[PDB]
Amino acid sequence: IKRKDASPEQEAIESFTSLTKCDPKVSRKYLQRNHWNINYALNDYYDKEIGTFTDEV
């Protein structure tokens with residue numbers, strides 16, 4: 001993530017799109033709302049875009 005084409009947003013977006021299957025363009029928007037912390041950005045996606053809500057059925 002530290003390539004000669006990388007960016008500060010790329011260092012957080014390339015790991016967001018690795019832990020989710022959304023588009024990178026949404027990863028930028030889900031970090032512009034939590035000071036660009038992936039440990040405080042993935043949860044907002046797991047609250048609003050999660051693919052499931054139960055495991056007992």
# chains A, B, ... in the order shown; residues from 1 in each chain; ligands from 1
call {"tool": "residues_around", "arguments": {"residues": "residue 22 of chain A", "least_positions_apart": "5", "cutoff": "10 Å", "atoms": "only C-alpha atoms", "output": "VMD selection string"}}
result
chain A and resid 16 to 17 27 45 49
call {"tool": "closest_residue", "arguments": {"among": "A:4, A:21, A:28, A:33", "to": "residue 50 of chain A", "atoms": "only C-alpha atoms"}}
result
A:21
call {"tool": "residues_around", "arguments": {"residues": "residue 2 of chain A", "least_positions_apart": "5", "cutoff": "12 Å", "atoms": "only C-alpha atoms", "output": "JSON list (two decimals) with N, CA, C and O atoms, in the first residue's frame"}}
result
[["chain", "number", "residue", "atom", "x", "y", "z"],
["A", 7, "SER", "N", -1.47, 6.85, -1.93],
["A", 7, "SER", "CA", -1.92, 8.10, -1.33],
["A", 7, "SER", "C", -2.34, 7.81, 0.12],
["A", 7, "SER", "O", -2.42, 6.64, 0.50],
["A", 8, "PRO", "N", -2.63, 8.83, 0.93],
["A", 8, "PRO", "CA", -2.99, 8.65, 2.32],
["A", 8, "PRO", "C", -4.38, 8.05, 2.43],
["A", 8, "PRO", "O", -4.69, 7.34, 3.38],
["A", 9, "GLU", "N", -5.22, 8.36, 1.44],
["A", 9, "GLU", "CA", -6.55, 7.81, 1.36],
["A", 9, "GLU", "C", -6.47, 6.39, 0.83],
["A", 9, "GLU", "O", -7.29, 5.55, 1.19],
["A", 10, "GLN", "N", -5.48, 6.11, -0.03],
["A", 10, "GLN", "CA", -5.29, 4.79, -0.60],
["A", 10, "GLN", "C", -4.85, 3.80, 0.46],
["A", 10, "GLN", "O", -5.13, 2.61, 0.36],
["A", 11, "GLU", "N", -4.17, 4.30, 1.48],
["A", 11, "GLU", "CA", -3.69, 3.41, 2.52],
["A", 11, "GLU", "C", -4.83, 2.97, 3.43],
["A", 11, "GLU", "O", -4.71, 1.98, 4.15],
["A", 12, "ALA", "N", -5.95, 3.70, 3.39],
["A", 12, "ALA", "CA", -7.14, 3.36, 4.16],
["A", 12, "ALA", "C", -8.24, 2.76, 3.28],
["A", 12, "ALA", "O", -9.04, 1.97, 3.75],
["A", 14, "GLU", "N", -7.67, 0.97, 0.35],
["A", 14, "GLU", "CA", -7.29, -0.34, -0.18],
["A", 14, "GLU", "C", -7.49, -1.43, 0.88],
["A", 14, "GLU", "O", -7.55, -2.60, 0.52]]
call {"tool": "select_by_dssp", "arguments": {"residues": "chain A", "states": "helix (DSSP H, G or I)", "output": "number ranges by chain"}}
result
A: 10-19, 24-29, 42-48
call {"tool": "write_last_selection", "arguments": {"atoms": "N, CA and C atoms", "output": "mmCIF file, in the first residue's frame"}}
result
data_model
loop_
_atom_site.group_PDB
_atom_site.id
_atom_site.type_symbol
_atom_site.label_atom_id
_atom_site.label_comp_id
_atom_site.auth_asym_id
_atom_site.auth_seq_id
_atom_site.Cartn_x
_atom_site.Cartn_y
_atom_site.Cartn_z
ATOM 1 N N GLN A 10 -5.485 6.112 -0.029
ATOM 2 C CA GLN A 10 -5.292 4.791 -0.600
ATOM 3 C C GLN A 10 -4.855 3.803 0.458
ATOM 4 N N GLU A 11 -4.167 4.298 1.482
ATOM 5 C CA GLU A 11 -3.687 3.413 2.524
ATOM 6 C C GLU A 11 -4.831 2.969 3.432
ATOM 7 N N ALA A 12 -5.947 3.701 3.395
ATOM 8 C CA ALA A 12 -7.135 3.359 4.162
ATOM 9 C C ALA A 12 -8.236 2.764 3.278
ATOM 10 N N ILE A 13 -8.274 3.138 1.996
ATOM 11 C CA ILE A 13 -9.294 2.665 1.069
ATOM 12 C C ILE A 13 -8.951 1.273 0.547
ATOM 13 N N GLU A 14 -7.666 0.971 0.346
ATOM 14 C CA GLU A 14 -7.292 -0.335 -0.178
ATOM 15 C C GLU A 14 -7.491 -1.425 0.876
ATOM 16 N N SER A 15 -7.592 -1.051 2.153
ATOM 17 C CA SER A 15 -7.862 -1.979 3.237
ATOM 18 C C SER A 15 -9.353 -2.032 3.552
ATOM 19 N N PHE A 16 -10.104 -0.986 3.196
ATOM 20 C CA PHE A 16 -11.547 -0.965 3.389
ATOM 21 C C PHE A 16 -12.197 -1.863 2.348
ATOM 22 N N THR A 17 -11.760 -1.713 1.096
ATOM 23 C CA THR A 17 -12.254 -2.505 -0.026
ATOM 24 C C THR A 17 -11.733 -3.939 0.050
ATOM 25 N N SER A 18 -10.834 -4.219 0.997
ATOM 26 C CA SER A 18 -10.326 -5.567 1.196
ATOM 27 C C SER A 18 -11.134 -6.302 2.260
ATOM 28 N N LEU A 19 -11.783 -5.540 3.145
ATOM 29 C CA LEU A 19 -12.559 -6.077 4.249
ATOM 30 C C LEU A 19 -14.055 -5.942 3.978
ATOM 31 N N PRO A 24 -14.555 1.442 -4.128
ATOM 32 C CA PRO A 24 -13.600 2.309 -3.461
ATOM 33 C C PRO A 24 -14.143 3.716 -3.269
ATOM 34 N N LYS A 25 -15.052 4.117 -4.157
ATOM 35 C CA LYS A 25 -15.620 5.444 -4.139
ATOM 36 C C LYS A 25 -16.507 5.638 -2.909
ATOM 37 N N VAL A 26 -17.032 4.531 -2.367
ATOM 38 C CA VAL A 26 -17.845 4.540 -1.159
ATOM 39 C C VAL A 26 -16.942 4.443 0.067
ATOM 40 N N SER A 27 -15.748 3.864 -0.083
ATOM 41 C CA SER A 27 -14.812 3.727 1.023
ATOM 42 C C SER A 27 -14.287 5.095 1.448
ATOM 43 N N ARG A 28 -14.053 5.991 0.482
ATOM 44 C CA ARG A 28 -13.626 7.359 0.746
ATOM 45 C C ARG A 28 -14.693 8.104 1.543
ATOM 46 N N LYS A 29 -15.961 7.856 1.209
ATOM 47 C CA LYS A 29 -17.100 8.509 1.840
ATOM 48 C C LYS A 29 -17.351 7.942 3.239
ATOM 49 N N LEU A 42 -15.366 0.801 9.354
ATOM 50 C CA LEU A 42 -15.933 -0.465 8.926
ATOM 51 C C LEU A 42 -17.203 -0.757 9.721
ATOM 52 N N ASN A 43 -17.264 -0.294 10.972
ATOM 53 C CA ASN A 43 -18.407 -0.526 11.838
ATOM 54 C C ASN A 43 -19.614 0.240 11.319
ATOM 55 N N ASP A 44 -19.383 1.442 10.788
ATOM 56 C CA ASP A 44 -20.472 2.245 10.248
ATOM 57 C C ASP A 44 -21.046 1.590 8.999
ATOM 58 N N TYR A 45 -20.221 0.799 8.309
ATOM 59 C CA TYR A 45 -20.645 0.051 7.136
ATOM 60 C C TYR A 45 -21.318 -1.254 7.558
ATOM 61 N N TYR A 46 -20.859 -1.833 8.670
ATOM 62 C CA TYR A 46 -21.450 -3.042 9.232
ATOM 63 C C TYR A 46 -22.738 -2.727 9.995
ATOM 64 N N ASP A 47 -23.079 -1.446 10.127
ATOM 65 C CA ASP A 47 -24.318 -1.016 10.754
ATOM 66 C C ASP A 47 -25.357 -0.615 9.712
ATOM 67 N N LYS A 48 -24.900 -0.220 8.519
ATOM 68 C CA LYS A 48 -25.766 0.395 7.524
ATOM 69 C C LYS A 48 -25.781 -0.323 6.178
#
call {"tool": "decode", "arguments": {"residues": "segment 11-25 of chain A", "atoms": "N, CA, C and O atoms", "output": "tab-separated table (two decimals), in the first residue's frame"}}
result
chain	number	residue	atom	x	y	z
A	11	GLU	N	-4.17	4.30	1.48
A	11	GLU	CA	-3.69	3.41	2.52
A	11	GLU	C	-4.83	2.97	3.43
A	11	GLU	O	-4.71	1.98	4.15
A	12	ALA	N	-5.95	3.70	3.39
A	12	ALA	CA	-7.14	3.36	4.16
A	12	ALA	C	-8.24	2.76	3.28
A	12	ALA	O	-9.04	1.97	3.75
A	13	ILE	N	-8.27	3.14	2.00
A	13	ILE	CA	-9.29	2.66	1.07
A	13	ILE	C	-8.95	1.27	0.55
A	13	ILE	O	-9.85	0.46	0.33
A	14	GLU	N	-7.67	0.97	0.35
A	14	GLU	CA	-7.29	-0.34	-0.18
A	14	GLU	C	-7.49	-1.43	0.88
A	14	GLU	O	-7.55	-2.60	0.52
A	15	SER	N	-7.59	-1.05	2.15
A	15	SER	CA	-7.86	-1.98	3.24
A	15	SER	C	-9.35	-2.03	3.55
A	15	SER	O	-9.83	-3.02	4.11
A	16	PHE	N	-10.10	-0.99	3.20
A	16	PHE	CA	-11.55	-0.97	3.39
A	16	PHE	C	-12.20	-1.86	2.35
A	16	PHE	O	-13.07	-2.67	2.67
A	17	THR	N	-11.76	-1.71	1.10
A	17	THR	CA	-12.25	-2.51	-0.03
A	17	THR	C	-11.73	-3.94	0.05
A	17	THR	O	-12.14	-4.79	-0.74
A	18	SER	N	-10.83	-4.22	1.00
A	18	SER	CA	-10.33	-5.57	1.20
A	18	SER	C	-11.13	-6.30	2.26
A	18	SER	O	-11.17	-7.53	2.28
A	19	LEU	N	-11.78	-5.54	3.14
A	19	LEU	CA	-12.56	-6.08	4.25
A	19	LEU	C	-14.05	-5.94	3.98
A	19	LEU	O	-14.88	-6.50	4.70
A	20	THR	N	-14.40	-5.20	2.93
A	20	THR	CA	-15.75	-5.10	2.42
A	20	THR	C	-15.69	-5.37	0.92
A	20	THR	O	-14.60	-5.50	0.37
A	21	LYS	N	-16.84	-5.48	0.25
A	21	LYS	CA	-16.88	-5.76	-1.18
A	21	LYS	C	-17.62	-4.65	-1.93
A	21	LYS	O	-18.17	-4.88	-3.01
A	22	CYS	N	-17.64	-3.45	-1.34
A	22	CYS	CA	-18.22	-2.27	-1.96
A	22	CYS	C	-17.22	-1.66	-2.95
A	22	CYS	O	-16.18	-2.24	-3.24
A	23	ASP	N	-17.55	-0.47	-3.46
A	23	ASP	CA	-16.71	0.25	-4.40
A	23	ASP	C	-15.78	1.20	-3.64
A	23	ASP	O	-16.18	1.74	-2.61
A	24	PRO	N	-14.55	1.44	-4.13
A	24	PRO	CA	-13.60	2.31	-3.46
A	24	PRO	C	-14.14	3.72	-3.27
A	24	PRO	O	-13.75	4.42	-2.34
A	25	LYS	N	-15.05	4.12	-4.16
A	25	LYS	CA	-15.62	5.44	-4.14
A	25	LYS	C	-16.51	5.64	-2.91
A	25	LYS	O	-16.71	6.76	-2.46
